Number of protein chains: 4
Amino acid sequence: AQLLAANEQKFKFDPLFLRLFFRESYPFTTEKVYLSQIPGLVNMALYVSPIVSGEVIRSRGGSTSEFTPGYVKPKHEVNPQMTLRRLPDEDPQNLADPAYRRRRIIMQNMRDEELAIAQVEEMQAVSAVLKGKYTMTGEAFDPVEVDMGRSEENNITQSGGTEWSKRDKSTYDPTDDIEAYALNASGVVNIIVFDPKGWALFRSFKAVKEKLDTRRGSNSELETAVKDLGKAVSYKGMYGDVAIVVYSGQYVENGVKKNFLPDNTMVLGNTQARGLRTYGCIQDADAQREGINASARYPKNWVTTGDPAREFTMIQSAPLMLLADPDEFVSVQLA
Amino acid sequence: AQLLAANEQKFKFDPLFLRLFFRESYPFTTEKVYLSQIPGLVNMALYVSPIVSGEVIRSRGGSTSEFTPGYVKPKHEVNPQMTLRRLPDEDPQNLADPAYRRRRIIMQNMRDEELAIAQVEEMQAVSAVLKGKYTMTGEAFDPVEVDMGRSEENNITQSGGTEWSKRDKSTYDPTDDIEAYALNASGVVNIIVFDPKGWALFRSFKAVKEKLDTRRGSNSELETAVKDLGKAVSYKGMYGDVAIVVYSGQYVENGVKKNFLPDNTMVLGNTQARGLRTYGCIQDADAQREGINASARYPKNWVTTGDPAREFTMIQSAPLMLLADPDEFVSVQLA
Amino acid sequence: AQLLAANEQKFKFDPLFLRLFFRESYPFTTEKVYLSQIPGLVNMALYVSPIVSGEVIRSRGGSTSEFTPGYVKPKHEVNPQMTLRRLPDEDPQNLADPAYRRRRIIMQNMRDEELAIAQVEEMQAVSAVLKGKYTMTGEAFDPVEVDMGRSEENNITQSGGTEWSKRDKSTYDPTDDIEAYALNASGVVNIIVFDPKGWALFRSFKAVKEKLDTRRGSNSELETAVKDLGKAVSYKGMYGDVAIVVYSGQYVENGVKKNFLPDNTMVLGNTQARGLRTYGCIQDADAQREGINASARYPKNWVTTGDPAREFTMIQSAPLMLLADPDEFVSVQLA
Amino acid sequence: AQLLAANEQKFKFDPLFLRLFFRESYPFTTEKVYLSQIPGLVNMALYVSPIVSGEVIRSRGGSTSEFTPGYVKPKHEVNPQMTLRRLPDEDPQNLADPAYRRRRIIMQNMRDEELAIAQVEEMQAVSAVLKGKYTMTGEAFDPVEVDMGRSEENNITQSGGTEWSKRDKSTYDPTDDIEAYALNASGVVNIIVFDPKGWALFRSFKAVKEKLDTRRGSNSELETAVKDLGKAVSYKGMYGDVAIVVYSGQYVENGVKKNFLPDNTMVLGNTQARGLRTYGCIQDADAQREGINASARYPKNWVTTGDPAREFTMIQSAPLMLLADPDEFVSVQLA
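Residues numbered from 1 in each chain as written, not as in the entry; some residues may be left out. Chains lettered and ligands numbered in written order. Part of a larger assembly, values for the part shown. Heavy atoms only, no water.

- Looking at the method and resolution fields of the entry, one finds cryo-EM and 5.03 Å.

This is the structure in structure tokens:
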């Protein structure tokens, strides 16, 4: 087989969630996740006479600490028959030796597993910040529930009352709702991330377009996320004080492509909220000889004998995407 | 003649179908294509407990993996008598010695032959993704029928039931038919390309004339595509979730040009459908002499005598444009 | 006299038509012009089995060829009574030298006729896309007619029961009319350039302005091409996927100005319609001795004696502006 | 322990109430504060004879000049057992080093603790300008009151009379109130900082929303510092000659967040109002050994013995935030 260090990939393509909110990382050296282990917040030390000693504080961490990490591993073989994906400026003279062929196939595979697991970590983040709830269910795995702690006041639905659809899209102003739905924000909001038609029925109201700062030049540096994710991330501009992004990402399900965001939804919050990417242990003795229990991902190539005379190149990981404040975002169920 | 490396143009101008659906290419090392060696899709991340070895992910489902590539060969002369286009700001001193003149004529003939090959590639692509069928016929040259595998229900005809023409052009809403025909999508719908005359009656309905978005605010990237395809592509605008594009592409017959689309049809699809750009193998001893059996194009220059005492230059290839899933498109035949 | 190499002009001042429709240029090495020597268009592939060599592709183009270009030739004196324009920060010490003054005057002259020559091929293209007919007349000229091959629907005038001037200025929508005009365009309509007096009628409809996107920046390249013509061309805005231009440039006859376009007229076409820039031989005995019979322009300076005892500067050319597809544009004479 | 010079923070992040109004700092070498020692105001001039020598002008203006500095000293232990934010790609094996991890957590412990004293300074400032008095009480510390000198005619309540609540949000102009409260300002007003919900009802006013000059990049240069600490501060923009901002930050009490301002409160201030950042002394003999009795912040590292067998780090400082003029700002209780 090939050594573990055959991972010259070092590519960051986080789908707008592992690169905007959750930009802080935390691996563990334990099977479960102890949320209390995270330091947490500070609490404004108080006045004291300058003769006596202090009242040294620790912030005591968080209370609930018994969740289960997202252990995942996808399977592929390196059957030296697959057609090589053509790349620009390729010297075809090396196609004779299988040493180049299999080496290239392995690297393409590693790309495949990383892009596959990026989708699942993204959808965990999406499940986290759209309802507060999260459900890790799957075959060869037990059903697991995760409650972030979101209040009922952060999942407002447009179905009740007068909706954005059954209105006059030429005289009604849409702002009256956004601050009314962003008052319960627990922080200043500047991101109004929109679904494909979520921004459509929103634009239809004429009051949007005249003050919508459509100029490319703006203050928020969100344009960075534009140049990397030029497919599913569209930066509309400024709504005045807040920024607007429309998301059209997809995930490859068992046989079909499915949209990340449910169509009639929207989310409001701050661009600098805190998001955890807790990682559990790697459950491979092969790692415990090398002590790589605290890592992001774990690649491994081997050749198996006996009945299945094949060989594999695996990547195992355990993301358990979490949110520091389940109440710093508000989800509008559009209608 | 001239060295084979004299083949450089670096002009990748796809006609909306080699850029929007078949972005990924695959040459082979054998004359006949075998579908079984493509990588395929990538499943989500399917979960597993850290107690059992996971389940192997391989691409399966293809009934027949055998098809015959579309081998073609263009011919042209090198006679130093064709009316050379005069380049802006070129000195006439090199116009005297025909050495530079031939070096420019060969490049012009190149540009012509990539144009010809791109035309045949796009026509085979559209023949594939308009009905799931595929026909490739030469002058008494082996006819091969290829079926992509589309479900018959993805080729609905608007003539069924009531036509849009036999409907009120002022109060009727055609949306209902739009989502109804988007039901059998096997994925999300984002691409609603119309016919130059087909869309003309589409816009007749009044409510359509308000719910379209004509603003220059792009969805993601479409206008960067159309700016190159400025001769037969029109970006009408948004339709909420989807954007509206009208394609009036034309192919040059022996003496005339003809429309690529039938008079009244439209296609419903996703912006990120996975399509293959597979290429056959070179049937050239010289290429196999120097070993570029796997390629998309192939240059060669030589001098022939006796009957045609002239010189020729070939760019011979074998595209067999292929789609991963014919069922992710809905071709509604308008009437 | 001055050497022929004294051709220091390097100015690209094509008035809105040679710089947008006639990018390609084809000088002729023969006195007359034969249309059948254009390169032409190319067929699909002629699909063929890879066992037998195929037929060689030959492109001929058109049937009628025997045209003859006009032979304007400006000539001018350099009588050193010319009151030189005072160049800023130029020393009057050089003003003493007659040689420097003469060189300055001849360089000013060269600009003078280069503005005098551009206009003729300008209204050549104007007449080309106005009706597709081209009559060239004048004293000592032997007037010649030129038929570009236009149809009659490319010249429809709004002269029926309902006109843009005698209907509602508030409720009528000009769109349905503009697509009614552009349906028979043999391509995607992209330029709807206006005559200013006609645009005065056009803009009278408000339904224009609630959909008129007159944002600064046409497409980020049209303004890169039109700002240099800051005196004659103006850019209004976007009508969605298309641009609007108002042109009021004037050609001056012996004593007064005149606008190129007929007053209440507008034309429809595309930014990529290819137009020929054919030129003819320069029947100068010197030109044959310097092998420059094939060129666009030709400067000369010489000293005559006896009857017109002076010295003169000389220009001569052969413009026969042509468009590949005359029917690619439709001309509406508004009323 | 560690060297006293280990203080490398230099990342001043004062929450807009020490970088807007309290740019001026005045540490003392005396354990108390002597307001008469600060320069303050200096009088105009006198008309004196050119011969006779003029009298010396002294520096008076302050009569009451005695207050108790705000001493606070938080502290923290350095046990190497916490969970650390794994920074991106710097510690392949350095994580094994106990000393490296210890220094990292000490730096992190400092970075954590400065926020607490920043909170103290912020509450000092807001308690100063929201009601004009100051109270300073803490457990193991004496209660003491500080009198700014604020007059009650800056603490008007909107509830007095006809408040904004029982007022029209479409026709009434709140500007009349704005000057009706800005007359008793003792200086031009250009800061109208609001509270989130306080501004929410204010934004409901129509006259505001046509008069609200929201266009970004205003001539005001305060926003240059606003985007730095924008995590809890918005920026509404311009209201003509004045600058409108909304602040919604929270200080962390022992277990929860708490808004600095009462909900329906607003302020009137001038962009360059002078505020004092006077600090007390370090009544630490160890500190006094190096003559650092006059400073801003004081660090310490030292190992504990006997009862709490650990190692402690001290941060001690005595801010007693004051103002040049107490009545310069006007604090209106919204309604």
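Anyway, onward from the coordinates.
**What about the pairing of strand β13 (residues 310-315) of chain B?**
No. 1: Pairing between strand β12 (residues 299-304) of chain B and β13 of chain B: 6 bridges, direction antiparallel. Paired with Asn301 of chain B across the strands is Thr313 of chain B, a residue of β13 of chain B. (Pairing = 2+ DSSP bridges. Helix = DSSP H or I, 4+ residues; strand = E, 2+ residues; numbered from the N terminus.)

**Regarding the packing of aromatic side chains**
No. 1: On inspection of all chains with the given rule, the structure shows 48 aromatic pairs over all chains.
No. 2: An aromatic cluster of three or more residues is present, and its members are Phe17, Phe21, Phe22, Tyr247, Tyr251, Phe260 and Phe329 of chain C.
No. 3: For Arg203 of chain A, the ring lying beneath its charged end belongs to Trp199 of chain A, and the centroid distance is 4.0 Å.
No. 4: When the ring centre of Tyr172 of chain D is taken as origin, the NZ or CZ atom of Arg167 of chain D, which lies over that ring, is 4.1 Å away. (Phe/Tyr/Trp six-rings, centres within 6.5 Å; stacked < 30°, edge-to-face > 60°. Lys NZ or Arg CZ within 6 Å of the ring centre and 35° of its normal.)

**Examining unusual backbone geometry**
Residues and elements named next belong to chain C.
No. 1: Look at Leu46: it is not a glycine, yet its phi comes out positive at around 55°.
No. 2: Inspection of the secondary structure assignment puts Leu46 in the loop between β1 (33-34) and β2 (66-67).
No. 3: Residue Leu46 is classed as partly exposed on the basis of its relative accessible area, which comes to 43%. (Buried < 20%, exposed > 50% of the residue type's maximum accessible area, 1.4 Å probe, protein only.)

**Quick notes on the environment of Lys169 of chain A**
All names here are of chain A.
No. 1: Here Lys169 shows up in the loop between β3 (141-147) and α2 (175-182).
No. 2: Overall, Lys169 belongs to the partly exposed group, its relative accessible area being 32%.
No. 3: With 35 residues separating them in the primary sequence, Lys169 and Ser204 have C-alpha atoms 5.5 Å apart.
No. 4: In this view, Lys169 contacts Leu201, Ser204, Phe205 and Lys206; residues no more than four positions away in its chain are not counted. (Contact = heavy atoms within 4.5 Å.)

**A closer look at α2 of chain A**
No. 1: Turning to α2 of chain A, its buried residues are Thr175, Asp177, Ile178, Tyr181 and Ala182 of chain A. All buried residues of α2 of chain A fall inside an arc of 160° around its axis, so they share one side.
No. 2: Next to the buried residues of α2 of chain A lie α4 (206-211), β8 (265-269) and β14 (329-333) of chain A together with α3 (196-203) of chain D. (Arc of directions from axis to C-beta.)

**Side note on the sheet that holds strand β1 (residues 24-27) of chain B**
Residue and element names in this part refer to chain B.
No. 1: If you trace the 3 strands from one edge of the open sheet to the other, you get β1-β11-β14, paired in mixed fashion. Edge positions in the sheet fall to β1 and β14 (322-323), since each has one partner strand and no second.
No. 2: Summarising the sheet, β1 and strand β11 (residues 275-279) pair through 4 bridges and their orientation is parallel. Bridge pairing in β11 places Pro27 opposite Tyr279.

**With respect to the pairing of strand β5 (residues 144-147) of chain D**
Residue and element names in this part refer to chain D.
No. 1: Burial of β5 is one-sided: the residues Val144 and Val146 facing one way are buried, the residues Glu145 and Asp147 facing the other way are not.
No. 2: With 4 bridges joining them, strand β4 (residues 133-136) and β5 adopt antiparallel strand pairing. Of the residues in β5, the one forming a bridge with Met136 is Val144.

**Some points on the side chain of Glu223 of chain C**
No. 1: Tracing the backbone through its elements, the reader meets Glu223 of chain C in helix α5 (residues 222-226).
No. 2: Among buried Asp, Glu, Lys and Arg side chains, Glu223 of chain C stands out as unpaired, with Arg216 of chain C the closest opposite charge at 5.1 Å. (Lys, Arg positive; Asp, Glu negative; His and termini not counted. Salt bridge = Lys/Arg side-chain N within 4 Å of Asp/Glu carboxyl O.)

**Regarding a nonpolar patch on the surface**
No. 1: A cluster of nonpolar residues, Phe11, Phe13 and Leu115 of chain C, forms a patch on the protein surface that exposes about 290 Å² of accessible area.
No. 2: Of note, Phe11 of chain C is situated in the segment before β1. (Patch = residues over 30% accessible without salt bridge, like charges linked within 9 Å, V, L, I, M, F, W, Y side chains within 5 Å. Areas by Shrake-Rupley, 256 points an atom, 1.4 Å probe, with all protein chains shown as cover.)

**Regarding the sheet that holds strand β13 (residues 311-315) of chain C**
Residues and elements named next belong to chain C.
No. 1: Strand order in this open sheet of 3 strands is β3-β13-β12, and the pairing throughout is antiparallel. Of all strands in the sheet, those bounded by a partner on one side alone are β3 (75-77) and β12 (299-303). Between one strand axis and the next, the sheet turns by 20° as a mean value, whatever way the strands run.
No. 2: Bridge analysis of β12 against β13 gives 5 bridges, and the strand direction is antiparallel. Paired with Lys300 across the strands is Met314, a residue of β13.
No. 3: On the sheet, helix α1 (residues 98-131) packs against β3, β12 and β13 and is oriented at approximately 35° with respect to β13. (Axes fitted to C-alpha atoms, helices over the stretch in contact; angles between N-to-C directions.)

**Some thoughts on the interface of chain B and chain A**
No. 1: In this assembly, 40 residues from chain B lie in contact with 53 residues from chain A.
No. 2: Interface of chain B and chain A: buried area, both sides summed, is about 3,900 Å²; carbon and sulfur atoms make up 58% of it.
No. 3: Along the contact surface separating chain B from chain A lie 2 salt bridges.
No. 4: The residue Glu77 of chain A makes a salt bridge to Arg58 of chain B at a minimum N-O spacing of 3.3 Å.
No. 5: There are 11 residue pairs in polar contact connecting chain B and chain A.
No. 6: It is β1 of chain B that contributes the most residues to the side of chain B that touches chain A, 4 residues altogether.
No. 7: Here the side of chain B that touches chain A is built from residues that sort into 18 nonpolar, 16 polar and 6 charged. (Buried area = accessible area lost by both parts, 1.4 Å probe. Polar contact = N/O pair within 3.5 Å; in protein donor to acceptor, adjacent residues only side chain to side chain. Nonpolar A, V, L, I, M, F, W, Y, C, P; charged D, E, K, R; others polar.)

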